[PDB]
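Please read the structure below before turning to the comments.
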Amino acid sequence: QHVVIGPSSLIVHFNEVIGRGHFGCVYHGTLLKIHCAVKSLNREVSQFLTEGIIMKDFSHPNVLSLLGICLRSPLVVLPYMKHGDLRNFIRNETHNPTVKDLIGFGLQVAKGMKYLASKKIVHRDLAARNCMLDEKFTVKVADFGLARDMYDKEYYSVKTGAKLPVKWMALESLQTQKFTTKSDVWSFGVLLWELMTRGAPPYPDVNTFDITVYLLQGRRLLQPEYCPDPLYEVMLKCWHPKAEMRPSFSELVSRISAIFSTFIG
Ligand SMILES: CN1CCC(COc2cnc(-c3cccc(Cn4nc(-c5cccc(C#N)c5)ccc4=O)c3)nc2)CC1
Ligand SMILES: [Cl-]
C-alpha cells in the first residue's frame, strides 16, 4: 500500500534504456531529486505482486531494496546503481580492482545471502550478472521479488519450460529442480570463481545441457591463477555433492572476512 508511489512523482526516461529483461526492459528514472531505476513488466501479474510485496520489509546494506511501484504494464521503481551489474564491472576496461577488492565484493555477497537465508528466502539465480554496485562500490544482491527477471539470455537454456541457469545450478537442482539455501551456496561458489577470473564465463568449452554428467564424473571449475588457496578450499566446499555438508552463509561470511583481512590491497 505504502509501496504504491503516485504517478506525478516519478519521471521515466524511455530513451535511456539502462537494462534489458524478458518480462520488461529497465529504463532510467528520476523520483522527486533522487536517481532511480524503473523496471517495466510488459508481458500472472496478480500472482507476481503478492510474492513481491514482501520485498519492501527487507532492508540490509548488501541486499537491493524496493523504493516503490506505479500502477497504470505497471512500473517497478528501484534505487539507481551507478556502476551497473557486477559481471559487467569486473570485465569493464576502466576500473582495475585488486584481488582484495574482488574478495571484498564476494564477502559483501555472502552477507546479502546470509540475510536472505535468515528470512528463509531462496534466491534461485545467484550470479555476478544479478548483483549491482552503487556509487560507494557496495554490492547489492538483486534479481528477487519484483526485480526478478532474465537479464542475459545466453546463460539460460530454453520439456520443462522455464529457462534455467544450469552452469550456476547445484547437482540436486539440475536433476530434481528443487532449490534450497544450500543450493544457493553452490551458486555462490560459482560466483566467487567469477570474481577471481574477473568475469570469465564458467565452463567455456561445455554445452548448456552437459553440466550434469560433467559434475557427476567428479569435475569442478579449476582454481584461477590469482585465487588464494583458502578461497579455493571454500569454493570446493560450496560444491560438495551432499547439500548438507556445504557451509552455511554465516560460516561463509566468517571464513571469507578472515581471508579478506589478510591482504594489503
Ligand atoms: C554503460 N552503462 C552505463 C550505466 C550503468 C548503470 O546502469 C544501470 C543499470 N541497471 C540498474 C539497475 C538498478 C536496480 C535494479 C536493476 C534491475 N536489475 N538489473 C540487473 C541487470 C542490469 C543490467 C545488466 C545486467 C546484465 N547482464 C543485469 C540485474 C538485477 C536487477 O535486479 C537495474 N541501474 C543502473 C551501466 C553501464
Ligand atoms: Cl567489505
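Identifiers in the C-alpha cells: chain A, B, ... in order shown; residue index from 1 per chain; ligand index from 1 in order shown.
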Shell of 10 Å around stretch 52-63 of chain A, only C-alpha atoms, local chain residues under 5 positions omitted, as JSON, numbers by chain: {"A": [1, 2, 3, 47, 68, 105, 107, 108, 109, 110, 111, 112, 113, 114, 115, 116, 119, 131, 132, 133, 138, 139, 140, 141, 142, 143, 144, 145, 146, 147, 148]}
Residues of stretch 196-252 of chain A in helix (DSSP H, G or I), written as a ChimeraX atom specification: /A:196,211-216,229-238,249-252
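Take atom CA of residue A:202 and atom CA of residue A:227: the distance between them is 15.0 Å.
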Test item: residues at most 10 Å from residue A:256, only C-alpha atoms, excluding those fewer than 3 positions along its chain, as JSON, numbers by chain: {"A": [103, 104, 106, 107, 108, 110, 230, 231, 234, 251, 252, 253, 259, 260, 261]}
Ligand 1 neighbours within 6 Å using only C-alpha atoms and all ligand atoms, as a ChimeraX atom specification: /A:18-19,37,78-85,129-131,142-143,147,151-152
Could you turn the residues from that selection into a file that holds C-alpha atoms, as an mmCIF file, in the first residue's frame?
```cif
data_model
loop_
_atom_site.group_PDB
_atom_site.id
_atom_site.type_symbol
_atom_site.label_atom_id
_atom_site.label_comp_id
_atom_site.auth_asym_id
_atom_site.auth_seq_id
_atom_site.Cartn_x
_atom_site.Cartn_y
_atom_site.Cartn_z
ATOM 1 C CA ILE A 18 19.855 1.013 -18.719
ATOM 2 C CA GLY A 19 18.937 -2.715 -18.614
ATOM 3 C CA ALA A 37 15.976 2.508 -11.999
ATOM 4 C CA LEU A 78 14.297 0.664 -7.790
ATOM 5 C CA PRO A 79 17.396 2.545 -6.464
ATOM 6 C CA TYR A 80 19.836 3.626 -9.197
ATOM 7 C CA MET A 81 23.024 1.524 -9.163
ATOM 8 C CA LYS A 82 25.724 3.750 -10.733
ATOM 9 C CA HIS A 83 28.383 1.144 -11.653
ATOM 10 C CA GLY A 84 25.902 -1.375 -13.148
ATOM 11 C CA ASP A 85 25.866 -5.135 -12.648
ATOM 12 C CA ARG A 129 25.222 -10.749 -13.514
ATOM 13 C CA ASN A 130 22.436 -10.423 -10.880
ATOM 14 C CA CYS A 131 24.406 -8.292 -8.351
ATOM 15 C CA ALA A 142 19.414 -8.094 -6.679
ATOM 16 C CA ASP A 143 17.065 -10.072 -9.055
ATOM 17 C CA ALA A 147 13.181 -7.241 -9.609
ATOM 18 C CA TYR A 151 18.960 -10.046 -17.886
ATOM 19 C CA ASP A 152 21.295 -12.049 -20.183
#
```
Distance table requested - stretch 95-199 of chain A against stretch 210-224 of chain A, cut-off 7 Å, only C-alpha atoms: one row per qualifying residue with the closest atom pair and its distance in Å to one decimal, ordered by chain and rising residue number, as a Markdown table.
```
| residue | atom | partner | partner_atom | distance |
| --- | --- | --- | --- | --- |
| A:167 | CA | A:211 | CA | 6.7 |
| A:171 | CA | A:212 | CA | 6.8 |
| A:174 | CA | A:212 | CA | 6.4 |
| A:196 | CA | A:224 | CA | 6.3 |
| A:197 | CA | A:224 | CA | 6.0 |
```
Near-residue A:8 list (10 Å; only C-alpha atoms; drop same-chain fewer than 4 positions) as a ChimeraX atom specification: /A:31-32,70
Write the residues of the selection above to a file with N, CA, C and O atoms, as an mmCIF file, in the first residue's frame.
```
data_model
loop_
_atom_site.group_PDB
_atom_site.id
_atom_site.type_symbol
_atom_site.label_atom_id
_atom_site.label_comp_id
_atom_site.auth_asym_id
_atom_site.auth_seq_id
_atom_site.Cartn_x
_atom_site.Cartn_y
_atom_site.Cartn_z
ATOM 1 N N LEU A 31 12.980 10.093 -9.460
ATOM 2 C CA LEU A 31 11.912 10.361 -8.491
ATOM 3 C C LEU A 31 12.226 11.628 -7.691
ATOM 4 O O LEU A 31 13.334 11.777 -7.177
ATOM 5 N N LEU A 32 11.243 12.525 -7.580
ATOM 6 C CA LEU A 32 11.434 13.777 -6.799
ATOM 7 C C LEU A 32 10.487 13.762 -5.595
ATOM 8 O O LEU A 32 9.609 12.877 -5.575
ATOM 9 N N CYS A 70 4.466 2.041 -9.475
ATOM 10 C CA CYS A 70 3.464 2.953 -10.032
ATOM 11 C C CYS A 70 2.525 2.207 -10.983
ATOM 12 O O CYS A 70 2.965 1.675 -12.004
#
```
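Each of A:28, A:100, A:91, A:163 was compared to residue A:149 using only C-alpha atoms, and A:163 turns out to be the nearest.
Restricting the calculation to only C-alpha atoms and all ligand atoms, the smallest distance between ligand 2 and any of A:240, A:246, A:136, A:153 is found for A:136.
Nearest to residue A:262 of all the residues A:45, A:168, A:99, A:21 is A:99, based on only C-alpha atoms.
Within stretch 100-217 of chain A, residues classed as strand (DSSP E or B) by DSSP on backbone coordinates are residues 131, 132, 133, 139, 140, 141, 157 and 164 of chain A.
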Distance criterion (only C-alpha atoms and all ligand atoms): nearest to ligand 2 out of A:155, A:186, A:89, A:137: A:137
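Closest approach to ligand 2 among A:250, A:257, A:50, A:181: A:257, based on only C-alpha atoms and all ligand atoms.
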Atom-to-atom span, atom CA of residue A:120 and atom CA of residue A:24, Å: 27.2 Å
